[PDB]
>>> print(open('work.txt').read())   # compact mmCIF, C-alpha atoms and all ligand atoms
# COMPACT_ATOMS: atom_id res chain seq x y z
CA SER V 39 -70.31 -12.44 -8.08
CA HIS V 40 -71.60 -14.83 -5.42
CA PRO V 41 -73.60 -11.73 -4.27
CA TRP V 42 -75.61 -11.57 -7.58
CA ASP V 43 -75.95 -15.34 -7.86
CA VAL V 44 -79.78 -15.38 -7.74
CA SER V 45 -80.06 -19.12 -8.76
CA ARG V 46 -80.16 -19.96 -5.01
CA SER V 47 -83.64 -21.07 -4.03
CA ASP V 48 -83.61 -19.68 -0.43
CA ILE V 49 -84.20 -16.07 -1.59
CA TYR V 50 -87.44 -17.15 -3.32
CA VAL V 51 -88.53 -19.33 -0.36
CA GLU V 52 -87.44 -16.61 2.11
CA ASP V 53 -89.06 -14.09 -0.29
CA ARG V 54 -86.20 -11.56 -0.13
CA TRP V 55 -85.04 -11.31 -3.82
CA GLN V 56 -86.59 -7.81 -4.18
CA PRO V 57 -83.56 -5.82 -2.80
CA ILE V 58 -81.08 -7.94 -4.83
CA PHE V 59 -82.71 -7.53 -8.25
CA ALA V 60 -83.19 -3.79 -7.41
CA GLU V 61 -79.46 -3.38 -6.90
CA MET V 62 -78.88 -5.11 -10.28
CA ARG V 63 -81.55 -3.00 -12.02
CA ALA V 64 -79.87 0.17 -10.68
CA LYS V 65 -76.13 -0.67 -11.14
CA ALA V 66 -75.94 -3.34 -13.96
CA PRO V 67 -79.20 -4.74 -15.47
CA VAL V 68 -76.96 -7.16 -17.43
CA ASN V 69 -74.08 -8.72 -15.44
CA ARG V 70 -72.13 -11.97 -15.52
CA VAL V 71 -72.24 -14.56 -12.72
CA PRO V 72 -68.83 -16.43 -12.93
CA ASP V 73 -69.80 -19.67 -11.16
CA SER V 74 -72.81 -21.27 -9.60
CA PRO V 75 -74.35 -24.76 -9.23
CA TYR V 76 -75.31 -23.89 -12.82
CA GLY V 77 -71.93 -22.68 -14.17
CA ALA V 78 -71.47 -19.11 -15.41
CA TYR V 79 -74.41 -17.12 -16.82
CA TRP V 80 -75.79 -13.65 -17.41
CA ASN V 81 -78.54 -12.01 -15.42
CA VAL V 82 -80.87 -10.06 -17.71
CA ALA V 83 -82.84 -8.08 -15.19
CA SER V 84 -84.58 -5.03 -16.75
CA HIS V 85 -87.85 -4.89 -18.62
CA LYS V 86 -86.41 -3.60 -21.96
CA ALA V 87 -83.42 -6.03 -22.08
CA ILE V 88 -85.71 -9.04 -21.66
CA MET V 89 -88.04 -7.76 -24.36
CA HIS V 90 -84.95 -7.05 -26.46
CA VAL V 91 -83.30 -10.47 -26.03
CA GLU V 92 -86.55 -12.28 -26.49
CA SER V 93 -87.23 -10.49 -29.79
CA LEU V 94 -83.98 -12.00 -31.34
CA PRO V 95 -84.29 -15.82 -31.09
CA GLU V 96 -81.86 -16.58 -33.97
CA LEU V 97 -79.21 -14.81 -31.79
CA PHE V 98 -80.48 -15.80 -28.33
CA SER V 99 -81.55 -19.39 -28.96
CA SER V 100 -83.98 -21.36 -26.91
CA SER V 101 -83.06 -24.72 -28.58
CA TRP V 102 -82.69 -27.90 -26.45
CA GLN V 103 -79.49 -28.59 -28.43
CA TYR V 104 -77.85 -25.57 -26.69
CA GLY V 105 -79.47 -26.65 -23.40
CA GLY V 106 -83.19 -25.74 -23.41
CA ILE V 107 -85.00 -22.86 -21.81
CA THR V 108 -84.10 -23.24 -18.09
CA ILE V 109 -80.98 -22.26 -16.05
CA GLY V 110 -79.99 -25.96 -15.76
CA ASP V 111 -77.91 -27.89 -18.28
CA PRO V 112 -78.08 -31.71 -18.69
CA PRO V 113 -75.06 -33.77 -17.69
CA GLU V 114 -72.27 -33.69 -15.10
CA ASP V 115 -70.44 -36.71 -16.66
CA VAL V 116 -73.40 -39.18 -17.18
CA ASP V 117 -73.74 -42.27 -19.37
CA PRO V 118 -73.97 -42.20 -23.20
CA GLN V 119 -76.93 -42.70 -25.60
CA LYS V 120 -77.66 -45.87 -23.59
CA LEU V 121 -78.80 -43.32 -20.87
CA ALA V 122 -78.33 -39.97 -22.75
CA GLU V 123 -82.06 -40.46 -23.53
CA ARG V 124 -82.93 -38.01 -20.72
CA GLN V 125 -82.97 -34.55 -22.41
CA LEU V 126 -86.38 -33.66 -23.92
CA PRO V 127 -86.93 -31.63 -27.13
CA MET V 128 -90.08 -29.49 -27.08
CA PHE V 129 -91.22 -26.49 -29.16
CA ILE V 130 -90.68 -24.05 -26.28
CA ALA V 131 -87.07 -25.26 -26.69
CA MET V 132 -86.97 -25.05 -30.52
CA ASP V 133 -85.71 -22.39 -32.89
CA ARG V 134 -87.60 -21.42 -35.99
CA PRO V 135 -88.61 -22.79 -38.32
CA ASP V 136 -89.42 -25.92 -36.29
CA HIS V 137 -90.99 -23.88 -33.50
CA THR V 138 -93.41 -22.11 -35.83
CA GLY V 139 -95.08 -25.28 -37.25
CA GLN V 140 -95.26 -26.86 -33.79
CA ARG V 141 -96.87 -23.76 -32.09
CA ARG V 142 -99.35 -23.37 -34.99
CA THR V 143 -100.78 -26.89 -34.22
CA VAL V 144 -101.77 -26.19 -30.56
CA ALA V 145 -102.65 -22.50 -31.06
CA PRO V 146 -106.31 -22.93 -32.29
CA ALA V 147 -107.33 -24.44 -28.90
CA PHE V 148 -106.57 -20.91 -27.51
CA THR V 149 -108.29 -18.63 -30.05
CA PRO V 150 -110.74 -16.14 -28.35
CA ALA V 151 -113.53 -17.86 -30.35
CA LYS V 152 -112.63 -21.07 -28.41
CA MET V 153 -112.59 -19.25 -25.00
CA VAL V 154 -116.23 -18.16 -25.57
CA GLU V 155 -116.84 -21.84 -26.34
CA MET V 156 -114.99 -22.98 -23.14
CA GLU V 157 -116.19 -20.26 -20.65
CA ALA V 158 -119.40 -22.08 -19.77
CA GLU V 159 -117.93 -25.49 -18.71
CA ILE V 160 -115.14 -23.70 -16.76
CA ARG V 161 -117.67 -21.53 -14.89
CA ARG V 162 -119.71 -24.59 -13.77
CA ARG V 163 -116.52 -26.45 -12.73
CA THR V 164 -115.29 -23.42 -10.77
CA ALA V 165 -118.78 -22.85 -9.30
CA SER V 166 -118.95 -26.54 -8.21
CA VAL V 167 -115.42 -26.80 -6.75
CA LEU V 168 -115.79 -23.41 -5.06
CA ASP V 169 -119.25 -24.45 -3.64
CA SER V 170 -117.82 -27.62 -1.99
CA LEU V 171 -115.56 -25.55 0.28
CA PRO V 172 -116.17 -25.39 4.06
CA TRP V 173 -116.77 -21.86 5.36
CA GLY V 174 -115.20 -21.33 8.80
CA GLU V 175 -112.75 -24.28 8.74
CA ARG V 176 -109.07 -24.04 7.74
CA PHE V 177 -107.92 -26.15 4.71
CA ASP V 178 -105.16 -26.27 2.00
CA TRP V 179 -106.23 -23.95 -0.83
CA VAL V 180 -103.47 -25.27 -3.11
CA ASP V 181 -104.91 -28.75 -2.88
CA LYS V 182 -108.63 -27.97 -2.52
CA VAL V 183 -108.89 -25.16 -5.13
CA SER V 184 -105.84 -24.40 -7.26
CA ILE V 185 -104.65 -27.93 -8.15
CA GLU V 186 -108.31 -29.03 -8.55
CA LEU V 187 -109.34 -26.30 -11.06
CA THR V 188 -106.08 -26.30 -13.09
CA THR V 189 -105.56 -30.05 -13.50
CA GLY V 190 -109.29 -30.11 -14.12
CA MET V 191 -108.79 -27.60 -16.94
CA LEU V 192 -105.83 -29.59 -18.31
CA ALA V 193 -107.89 -32.80 -18.43
CA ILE V 194 -110.63 -31.14 -20.53
CA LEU V 195 -108.04 -29.98 -23.13
CA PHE V 196 -106.40 -33.44 -23.62
CA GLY V 197 -109.59 -35.47 -23.35
CA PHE V 198 -108.04 -37.16 -20.29
CA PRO V 199 -109.91 -39.72 -18.07
CA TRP V 200 -111.41 -37.59 -15.25
CA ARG V 204 -105.50 -34.32 -8.43
CA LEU V 205 -104.43 -37.19 -10.83
CA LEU V 206 -101.92 -36.12 -13.60
CA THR V 207 -100.49 -33.29 -11.42
CA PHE V 208 -98.13 -36.06 -10.15
CA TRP V 209 -95.92 -36.01 -13.29
CA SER V 210 -95.92 -32.15 -13.56
CA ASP V 211 -94.29 -31.60 -10.16
CA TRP V 212 -91.94 -34.37 -11.50
CA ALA V 213 -91.15 -32.85 -14.94
CA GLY V 214 -91.01 -29.15 -13.89
CA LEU V 218 -84.43 -31.17 -8.36
CA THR V 219 -82.02 -31.14 -11.34
CA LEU V 220 -79.39 -30.65 -8.55
CA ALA V 221 -80.00 -34.19 -7.13
CA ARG V 222 -77.96 -36.72 -9.09
CA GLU V 223 -79.56 -39.56 -6.99
CA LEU V 224 -83.14 -38.74 -8.15
CA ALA V 225 -82.69 -38.54 -11.97
CA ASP V 226 -83.52 -42.29 -12.51
CA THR V 227 -86.87 -42.26 -10.57
CA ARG V 228 -87.86 -39.08 -12.47
CA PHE V 229 -87.24 -40.71 -15.92
CA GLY V 230 -89.29 -43.64 -14.49
CA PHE V 231 -92.37 -41.47 -13.78
CA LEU V 232 -92.11 -39.69 -17.19
CA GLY V 233 -91.93 -43.22 -18.61
CA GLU V 234 -95.32 -44.08 -17.07
CA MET V 235 -97.09 -41.01 -18.53
CA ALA V 236 -95.38 -41.55 -21.92
CA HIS V 237 -96.94 -45.05 -22.06
CA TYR V 238 -100.26 -43.76 -20.75
CA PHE V 239 -100.32 -40.96 -23.35
CA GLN V 240 -99.15 -43.44 -25.98
CA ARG V 241 -102.26 -45.59 -25.32
CA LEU V 242 -104.41 -42.39 -25.48
CA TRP V 243 -102.59 -41.63 -28.84
CA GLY V 244 -103.67 -44.92 -30.46
CA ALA V 245 -107.20 -44.51 -29.02
CA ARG V 246 -107.70 -41.06 -30.65
CA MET V 247 -105.67 -42.16 -33.76
CA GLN V 248 -108.94 -43.92 -34.81
CA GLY V 253 -110.81 -31.09 -30.70
CA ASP V 254 -108.45 -32.13 -27.86
CA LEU V 255 -104.70 -31.40 -28.18
CA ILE V 256 -104.13 -35.07 -29.10
CA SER V 257 -106.74 -34.71 -31.87
CA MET V 258 -104.85 -31.56 -33.08
CA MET V 259 -101.37 -33.13 -32.60
CA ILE V 260 -102.47 -36.42 -34.37
CA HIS V 261 -103.78 -34.40 -37.38
CA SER V 262 -100.52 -32.37 -37.68
CA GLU V 263 -97.51 -33.44 -39.81
CA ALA V 264 -95.39 -31.37 -37.37
CA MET V 265 -96.25 -33.58 -34.39
CA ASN V 266 -97.72 -36.87 -35.83
CA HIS V 267 -94.25 -38.47 -36.26
CA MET V 268 -92.41 -37.27 -33.12
CA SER V 269 -89.36 -39.27 -31.86
CA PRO V 270 -89.87 -41.02 -28.47
CA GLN V 271 -87.90 -38.20 -26.73
CA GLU V 272 -89.72 -35.26 -28.45
CA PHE V 273 -93.14 -36.87 -27.74
CA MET V 274 -92.26 -37.08 -24.00
CA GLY V 275 -90.94 -33.46 -24.15
CA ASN V 276 -93.93 -31.97 -25.99
CA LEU V 277 -96.21 -33.86 -23.54
CA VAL V 278 -94.15 -32.35 -20.60
CA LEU V 279 -94.65 -28.85 -22.16
CA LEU V 280 -98.46 -28.96 -22.52
CA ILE V 281 -98.81 -30.71 -19.16
CA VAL V 282 -96.54 -28.36 -17.19
CA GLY V 283 -97.46 -25.33 -19.31
CA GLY V 284 -101.15 -25.54 -18.46
CA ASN V 285 -100.75 -26.85 -14.91
CA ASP V 286 -98.21 -25.36 -12.49
CA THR V 287 -98.35 -21.72 -13.72
CA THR V 288 -102.09 -21.42 -13.21
CA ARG V 289 -102.08 -23.27 -9.81
CA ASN V 290 -99.50 -20.85 -8.47
CA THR V 291 -101.20 -17.72 -9.88
CA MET V 292 -104.38 -19.03 -8.14
CA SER V 293 -102.39 -19.53 -4.88
CA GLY V 294 -100.65 -16.13 -5.19
CA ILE V 295 -103.91 -14.28 -5.85
CA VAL V 296 -105.46 -15.13 -2.42
CA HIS V 297 -102.08 -14.65 -0.68
CA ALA V 298 -101.41 -11.36 -2.45
CA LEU V 299 -104.91 -10.06 -1.62
CA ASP V 300 -104.62 -11.30 1.96
CA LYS V 301 -101.34 -9.30 2.10
CA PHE V 302 -102.97 -6.27 0.38
CA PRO V 303 -106.53 -6.10 1.83
CA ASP V 304 -106.79 -2.37 0.96
CA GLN V 305 -106.99 -3.81 -2.58
CA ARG V 306 -109.27 -6.76 -1.80
CA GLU V 307 -111.95 -4.39 -0.36
CA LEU V 308 -111.58 -2.16 -3.47
CA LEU V 309 -112.15 -5.30 -5.58
CA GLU V 310 -115.07 -6.16 -3.27
CA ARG V 311 -116.51 -2.67 -3.84
CA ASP V 312 -115.83 -2.73 -7.63
CA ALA V 313 -115.58 -6.13 -9.41
CA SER V 314 -115.58 -4.49 -12.88
CA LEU V 315 -111.83 -4.33 -12.02
CA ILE V 316 -111.35 -8.16 -12.13
CA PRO V 317 -109.94 -8.46 -15.73
CA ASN V 318 -107.19 -6.04 -14.61
CA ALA V 319 -106.87 -7.63 -11.17
CA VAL V 320 -105.83 -10.88 -12.98
CA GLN V 321 -103.08 -9.02 -14.87
CA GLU V 322 -101.80 -7.32 -11.65
CA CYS V 323 -101.61 -10.70 -9.84
CA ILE V 324 -99.94 -12.46 -12.75
CA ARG V 325 -97.41 -9.57 -12.69
CA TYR V 326 -97.07 -9.52 -8.90
CA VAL V 327 -96.69 -13.29 -8.58
CA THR V 328 -94.70 -14.05 -11.72
CA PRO V 329 -95.41 -17.82 -11.60
CA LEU V 330 -92.23 -18.57 -13.61
CA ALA V 331 -89.40 -16.29 -12.40
CA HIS V 332 -87.18 -16.77 -15.44
CA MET V 333 -86.63 -18.36 -18.82
CA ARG V 334 -83.23 -18.98 -20.38
CA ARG V 335 -81.62 -18.37 -23.67
CA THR V 336 -78.19 -19.35 -25.02
CA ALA V 337 -76.14 -16.91 -27.08
CA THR V 338 -75.61 -18.12 -30.60
CA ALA V 339 -72.48 -15.99 -31.36
CA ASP V 340 -70.52 -13.03 -29.86
CA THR V 341 -72.60 -9.80 -29.26
CA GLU V 342 -73.06 -6.53 -27.40
CA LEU V 343 -76.18 -6.82 -25.32
CA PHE V 344 -76.35 -3.72 -23.09
CA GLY V 345 -72.81 -2.43 -23.17
CA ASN V 346 -71.83 -6.02 -22.25
CA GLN V 347 -69.88 -8.48 -24.41
CA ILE V 348 -71.86 -11.72 -24.50
CA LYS V 349 -69.78 -14.58 -25.67
CA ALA V 350 -71.06 -17.22 -28.01
CA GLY V 351 -72.51 -20.14 -26.06
CA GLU V 352 -73.10 -18.30 -22.78
CA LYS V 353 -76.33 -18.77 -20.75
CA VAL V 354 -78.50 -15.69 -20.69
CA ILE V 355 -81.10 -15.81 -17.93
CA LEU V 356 -84.20 -13.66 -18.44
CA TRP V 357 -85.43 -12.84 -14.93
CA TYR V 358 -89.08 -11.87 -15.43
CA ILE V 359 -89.37 -11.70 -11.67
CA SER V 360 -87.12 -8.56 -11.77
CA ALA V 361 -88.64 -7.18 -14.93
CA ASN V 362 -92.12 -7.22 -13.36
CA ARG V 363 -90.77 -4.74 -10.77
CA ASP V 364 -88.91 -2.48 -13.18
CA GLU V 365 -89.68 1.10 -12.03
CA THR V 366 -89.11 2.28 -15.59
CA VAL V 367 -92.60 0.74 -16.25
CA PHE V 368 -94.22 -0.11 -12.89
CA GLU V 369 -94.51 2.91 -10.56
CA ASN V 370 -94.45 1.77 -6.85
CA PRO V 371 -93.81 -1.76 -8.11
CA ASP V 372 -93.81 -3.86 -4.89
CA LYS V 373 -97.38 -2.58 -4.17
CA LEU V 374 -100.26 -4.73 -5.53
CA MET V 375 -102.36 -2.09 -7.32
CA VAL V 376 -105.33 -4.04 -8.74
CA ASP V 377 -106.43 -0.95 -10.73
CA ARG V 378 -102.87 -0.28 -11.98
CA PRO V 379 -103.49 1.02 -15.53
CA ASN V 380 -100.56 -0.74 -17.36
CA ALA V 381 -100.74 -4.07 -15.46
CA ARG V 382 -101.01 -5.66 -19.00
CA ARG V 383 -97.41 -4.86 -19.88
CA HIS V 384 -95.88 -7.38 -17.37
CA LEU V 385 -93.67 -10.22 -18.73
CA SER V 386 -95.00 -13.28 -16.80
CA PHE V 387 -95.96 -14.89 -20.17
CA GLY V 388 -92.67 -13.81 -21.80
CA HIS V 389 -92.57 -11.76 -25.03
CA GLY V 390 -92.19 -12.34 -28.77
CA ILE V 391 -92.66 -15.53 -30.81
CA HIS V 392 -92.59 -17.90 -27.82
CA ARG V 393 -94.99 -15.74 -25.78
CA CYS V 394 -97.38 -17.89 -23.76
CA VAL V 395 -99.68 -19.65 -26.18
CA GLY V 396 -102.02 -20.20 -23.20
CA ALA V 397 -102.17 -16.70 -21.69
CA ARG V 398 -105.82 -16.30 -22.73
CA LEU V 399 -106.84 -19.59 -21.21
CA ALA V 400 -105.12 -18.77 -17.94
CA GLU V 401 -106.80 -15.35 -17.89
CA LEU V 402 -110.20 -17.10 -18.28
CA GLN V 403 -109.74 -19.67 -15.48
CA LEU V 404 -108.51 -16.79 -13.18
CA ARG V 405 -111.22 -14.28 -14.20
CA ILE V 406 -113.99 -16.90 -13.79
CA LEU V 407 -112.60 -17.86 -10.38
CA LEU V 408 -112.37 -14.24 -9.16
CA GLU V 409 -115.95 -13.85 -10.48
CA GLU V 410 -117.98 -16.72 -8.88
CA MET V 411 -115.85 -16.07 -5.72
CA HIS V 412 -117.25 -12.49 -5.54
CA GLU V 413 -120.81 -13.85 -6.20
CA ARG V 414 -120.38 -15.84 -2.97
CA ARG V 415 -118.87 -12.73 -1.33
CA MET V 416 -115.91 -14.94 -0.32
CA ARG V 417 -112.97 -13.47 1.56
CA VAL V 418 -109.99 -15.77 1.94
CA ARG V 419 -107.89 -15.39 5.07
CA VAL V 420 -104.48 -17.10 5.07
CA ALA V 421 -104.55 -19.19 8.24
CA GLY V 422 -102.13 -22.11 8.74
CA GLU V 423 -98.80 -23.07 7.21
CA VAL V 424 -97.68 -21.41 3.94
CA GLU V 425 -95.00 -23.22 1.85
CA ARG V 426 -93.44 -21.51 -1.22
CA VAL V 427 -91.91 -23.80 -3.88
CA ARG V 428 -88.16 -24.35 -3.42
CA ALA V 429 -86.93 -23.30 -6.81
CA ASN V 430 -85.41 -20.54 -8.95
CA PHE V 431 -87.70 -21.48 -11.91
CA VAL V 432 -91.18 -22.29 -10.61
CA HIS V 433 -92.37 -19.58 -8.22
CA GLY V 434 -95.39 -20.09 -5.94
CA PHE V 435 -96.80 -22.42 -3.32
CA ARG V 436 -96.76 -26.06 -2.33
CA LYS V 437 -99.33 -25.40 0.44
CA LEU V 438 -101.40 -22.42 1.63
CA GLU V 439 -103.90 -23.02 4.43
CA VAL V 440 -106.92 -20.65 4.55
CA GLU V 441 -110.35 -19.81 6.18
CA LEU V 442 -113.36 -17.99 4.55
CA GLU V 443 -115.61 -14.88 5.15
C1 LIG V 501 -100.47 -17.77 -15.56
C2 LIG V 501 -100.39 -18.72 -16.48
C3 LIG V 501 -99.19 -18.92 -17.34
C4 LIG V 501 -97.93 -18.36 -17.33
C5 LIG V 501 -97.36 -17.37 -16.37
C6 LIG V 501 -97.22 -18.89 -18.42
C7 LIG V 501 -95.91 -18.50 -18.69
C8 LIG V 501 -95.25 -18.90 -19.83
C9 LIG V 501 -93.96 -18.52 -20.16
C10 LIG V 501 -93.09 -17.59 -19.33
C11 LIG V 501 -93.68 -19.12 -21.32
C12 LIG V 501 -92.40 -18.96 -22.08
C13 LIG V 501 -92.51 -17.68 -22.92
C14 LIG V 501 -91.16 -17.32 -23.47
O1 LIG V 501 -90.13 -17.99 -23.20
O2 LIG V 501 -91.06 -16.33 -24.20
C15 LIG V 501 -94.79 -19.84 -21.73
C16 LIG V 501 -94.83 -20.62 -22.84
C17 LIG V 501 -95.83 -21.54 -23.05
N1 LIG V 501 -96.92 -21.72 -22.30
FE1 LIG V 501 -97.41 -20.76 -20.77
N2 LIG V 501 -97.99 -19.73 -19.08
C18 LIG V 501 -99.20 -19.81 -18.52
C19 LIG V 501 -100.31 -20.58 -18.87
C20 LIG V 501 -100.29 -21.54 -19.85
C21 LIG V 501 -101.35 -22.40 -20.20
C22 LIG V 501 -102.72 -22.42 -19.55
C23 LIG V 501 -100.90 -23.18 -21.26
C24 LIG V 501 -101.55 -24.29 -22.01
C25 LIG V 501 -102.68 -24.88 -21.65
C26 LIG V 501 -99.57 -22.76 -21.49
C27 LIG V 501 -98.80 -23.28 -22.47
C28 LIG V 501 -97.60 -22.73 -22.85
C29 LIG V 501 -96.92 -23.24 -24.02
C30 LIG V 501 -97.42 -24.38 -24.87
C31 LIG V 501 -95.79 -22.52 -24.14
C32 LIG V 501 -94.76 -22.65 -25.23
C33 LIG V 501 -95.21 -21.60 -26.24
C34 LIG V 501 -94.20 -21.35 -27.33
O3 LIG V 501 -92.95 -21.49 -27.12
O4 LIG V 501 -94.62 -21.01 -28.48
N3 LIG V 501 -99.23 -21.77 -20.63
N4 LIG V 501 -95.75 -19.71 -20.79
>>> encode(input="work.txt", output="structure tokens")
Amino acid sequence: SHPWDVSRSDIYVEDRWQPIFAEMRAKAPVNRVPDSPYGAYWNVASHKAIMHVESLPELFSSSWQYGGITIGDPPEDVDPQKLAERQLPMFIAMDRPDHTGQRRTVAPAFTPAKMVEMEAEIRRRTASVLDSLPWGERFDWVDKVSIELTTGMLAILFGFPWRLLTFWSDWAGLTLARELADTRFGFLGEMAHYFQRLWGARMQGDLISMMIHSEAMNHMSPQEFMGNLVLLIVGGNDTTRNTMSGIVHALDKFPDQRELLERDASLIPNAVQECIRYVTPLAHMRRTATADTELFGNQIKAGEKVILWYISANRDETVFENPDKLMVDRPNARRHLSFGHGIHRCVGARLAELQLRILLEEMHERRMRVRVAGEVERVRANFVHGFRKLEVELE
């Protein structure tokens, strides 16, 4: 099924996946892809099947041992433990019970209590950044806004020395280029050392603080430490950037909506949820079947890749009436799957929602309107989904 091989990056760059996942959703929501630059695998394409799969982790594992949570798998041939150091264990890629203790030790930084406590500094930062922007001129929003605010946000959380650490997120987050694996492991080396120094420094409220004071994560293997660092870095970086990029693009595509949001900005909390759905910053997550099973009248064999395509689920007509339309006021926006579902569901969702609400808010104080002007580059990927560059002009 070359025709339902949706691991190809063109269709996300060319933004033409819509008809393909619709065919799947109609004829076979679950279906097996026999070969691809990623071997064989199952599409899981409907809303209910993703929620289903994701609610049985003992049976659809997300463990790094089986291969982690992406559509890629480590090797080729590759060199042994002398260079089989590459693969990174991380709690997103851990089964229970290990996952539970690891999540529980970052979770308190994302209590609602702590979002009330973090609102104020975010608002100022957003206000500032947003106030430095040149009305009339054309500039790169990704760079000037979305990277700035998100990697800003990420710095706060770690207690990082104040675009700086976004370097080794675009690095960690290409798996198809043999030649480039060495220079990648290099870069992740750098940050590992850097974050190691930072570890000893704190070791004397940030995620280091909370990780240092946790028996889960105080004694992490070199590999795991790199992997968990990759998680919290990428987790709280790329997804929010791209949502931020997609928002202005989506609204520039759907101005009907923008001028309804302009009229009524009580609709922002929901606007955030409709953009997160529309954009789907991460287009999929992976699981690996743990044993033989019926999934949706399909016989999943033990060990097979199961790809959960949120990007399809977020346009499942069973739940989203007129799905390809951005409907800011859409009353069930909330029930999208851009944060996943179940035990691994985004531990950060609330923080993202803040950043994005606050932005939409002090934007609409300045009565900003963002027009997409110059070049517009989507990320070349089947995993990350959003923009490298998005040039824009203002009201
Ligand atoms: C629009 C913003 C975001 C999106 C779309 C997003 C999406 C996701 C997705 C799809 C997962 C995997 C869920 C699953 O497999 O069931 C996830 C997990 C995670 N996200 Fe996010 N995320 C966002 C923001 C953040 C932020 C701001 C942070 C941290 C600062 C963060 C940290 C994490 C972590 C740590 C995990 C692993 C959680 C676990 O396995 O228990 N994310 N996120």
>>> closest_residue(input="work.txt", among="V:334, V:389, V:297, V:398", to="residue V:156", atoms="all atoms listed in the file")
V:398
>>> residues_around(input="work.txt", residues="stretch 239-255 of chain V", least_positions_apart="4", cutoff="8 Å", atoms="only C-alpha atoms", output="MDAnalysis selection string")
chainID V and resid 144 147 194:197 235 259:260
>>> closest_atom_pairs(input="work.txt", of="chain V", to="ligand LIG 501 (chain V)", cutoff="6 Å", atoms="only C-alpha atoms and all ligand atoms", output="tab-separated table")
residue	atom	partner	partner_atom	distance
V:129	CA	V:LIG501	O3	5.7
V:130	CA	V:LIG501	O3	3.5
V:141	CA	V:LIG501	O4	5.1
V:279	CA	V:LIG501	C30	5.9
V:280	CA	V:LIG501	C30	5.3
V:283	CA	V:LIG501	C26	4.0
V:284	CA	V:LIG501	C21	3.6
V:287	CA	V:LIG501	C2	4.6
V:288	CA	V:LIG501	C2	4.6
V:291	CA	V:LIG501	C1	5.7
V:329	CA	V:LIG501	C5	5.2
V:330	CA	V:LIG501	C10	5.9
V:333	CA	V:LIG501	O1	5.6
V:386	CA	V:LIG501	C5	4.7
V:387	CA	V:LIG501	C7	3.9
V:388	CA	V:LIG501	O2	3.8
V:389	CA	V:LIG501	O2	4.9
V:392	CA	V:LIG501	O3	3.7
V:393	CA	V:LIG501	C13	4.3
V:394	CA	V:LIG501	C15	3.8
V:395	CA	V:LIG501	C33	4.9
V:396	CA	V:LIG501	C23	3.7
V:397	CA	V:LIG501	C19	5.1
V:399	CA	V:LIG501	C22	5.3
V:400	CA	V:LIG501	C22	4.7
>>> atom_distance(input="work.txt", atom1="atom CA of residue V:434", atom2="atom CA of residue V:421")
16.9 Å
>>> residues_around(input="work.txt", residues="residue V:439", least_positions_apart="2", cutoff="7 Å", atoms="all atoms listed in the file", output="ChimeraX atom specification")
/V:176-179,420-424,437
>>> decode(input="work.txt", residues="stretch 391-399 of chain V", atoms="N, CA, C and O atoms", output="PDB file, in the first residue's frame")
ATOM      1  N   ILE V 391      -2.628   8.023  29.781  1.00  0.00           N
ATOM      2  CA  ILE V 391      -1.676   8.230  30.899  1.00  0.00           C
ATOM      3  C   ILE V 391      -0.524   9.129  30.451  1.00  0.00           C
ATOM      4  O   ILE V 391      -0.009   9.894  31.250  1.00  0.00           O
ATOM      5  N   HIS V 392      -0.164   9.041  29.171  1.00  0.00           N
ATOM      6  CA  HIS V 392       0.912   9.836  28.603  1.00  0.00           C
ATOM      7  C   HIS V 392       0.415  11.190  28.078  1.00  0.00           C
ATOM      8  O   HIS V 392       1.149  11.865  27.359  1.00  0.00           O
ATOM      9  N   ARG V 393      -0.838  11.566  28.361  1.00  0.00           N
ATOM     10  CA  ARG V 393      -1.386  12.763  27.713  1.00  0.00           C
ATOM     11  C   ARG V 393      -0.568  13.980  28.164  1.00  0.00           C
ATOM     12  O   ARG V 393      -0.124  14.037  29.316  1.00  0.00           O
ATOM     13  N   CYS V 394      -0.393  14.944  27.253  1.00  0.00           N
ATOM     14  CA  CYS V 394       0.589  15.996  27.424  1.00  0.00           C
ATOM     15  C   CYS V 394       0.562  16.549  28.848  1.00  0.00           C
ATOM     16  O   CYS V 394      -0.454  17.051  29.307  1.00  0.00           O
ATOM     17  N   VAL V 395       1.711  16.464  29.519  1.00  0.00           N
ATOM     18  CA  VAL V 395       1.836  16.913  30.868  1.00  0.00           C
ATOM     19  C   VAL V 395       1.915  18.442  30.864  1.00  0.00           C
ATOM     20  O   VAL V 395       1.829  19.069  31.915  1.00  0.00           O
ATOM     21  N   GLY V 396       2.074  19.025  29.667  1.00  0.00           N
ATOM     22  CA  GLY V 396       2.306  20.460  29.496  1.00  0.00           C
ATOM     23  C   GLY V 396       1.092  21.203  28.971  1.00  0.00           C
ATOM     24  O   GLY V 396       1.099  22.428  28.941  1.00  0.00           O
ATOM     25  N   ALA V 397       0.046  20.475  28.566  1.00  0.00           N
ATOM     26  CA  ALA V 397      -1.057  21.076  27.806  1.00  0.00           C
ATOM     27  C   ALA V 397      -1.393  22.443  28.399  1.00  0.00           C
ATOM     28  O   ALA V 397      -1.419  23.432  27.688  1.00  0.00           O
ATOM     29  N   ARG V 398      -1.601  22.476  29.713  1.00  0.00           N
ATOM     30  CA  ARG V 398      -2.013  23.688  30.419  1.00  0.00           C
ATOM     31  C   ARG V 398      -1.023  24.831  30.188  1.00  0.00           C
ATOM     32  O   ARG V 398      -1.427  25.990  30.021  1.00  0.00           O
ATOM     33  N   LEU V 399       0.270  24.522  30.216  1.00  0.00           N
ATOM     34  CA  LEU V 399       1.219  25.570  30.042  1.00  0.00           C
ATOM     35  C   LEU V 399       1.121  26.106  28.609  1.00  0.00           C
ATOM     36  O   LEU V 399       1.225  27.311  28.395  1.00  0.00           O
TER      37      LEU V 399
END
